[PDB]
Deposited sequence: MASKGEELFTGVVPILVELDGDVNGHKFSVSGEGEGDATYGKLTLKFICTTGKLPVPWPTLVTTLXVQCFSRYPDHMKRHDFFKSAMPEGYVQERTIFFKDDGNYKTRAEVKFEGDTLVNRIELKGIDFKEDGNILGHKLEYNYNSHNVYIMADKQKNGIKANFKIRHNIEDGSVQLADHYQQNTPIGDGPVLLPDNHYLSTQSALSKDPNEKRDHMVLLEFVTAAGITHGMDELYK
């Protein structure tokens, strides 16, 4: 399996929110055998317009650990190596909305994720815009459902971003995944993904960035 060893991963995300241009290149490693991911992200254009944590779900579920018995419901890796397209509608509570389409497929030996993030409605008084979210993250449950007609998968899970004043900024997700090829895929039984993410820094990096440690496991069935 492509994921028996450790896999290199690169991330190209191009964003635009309320007209502000920005680009983030990510790179790292991910061991699927343990639902553990590792990545460094540079705001390649300069100064990230929107907070780093608010972009975490956009910056590869094909790296989660799917126990041996659930191995038949791992659609993400079913998709491989032709990849899968992931589209998302994110709703941050009482502020705007992110819209993202991504292409994550094998580009050689290095798993490549390519995103285009669009965003609108962001208030110049809101937590998102006025950088009020704390640099950290919590844990969540990402629920998946086999969209049978579309041969892909469906996801809807919610994220809570903490604001400097404890306040819990809510991020509703509307996630759709569809294979990129015709190599028959794996519709799965309803199950969820328990993620753990820790955003952090780098003493060495003088460039605007984010450092993220992810530990994900398929649990459910």
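Trainee: Given the full deposited sequence, which segments carry no C-alpha coordinates?
Mentor: Absent from the structure are positions 1-6, 66, 229-237.
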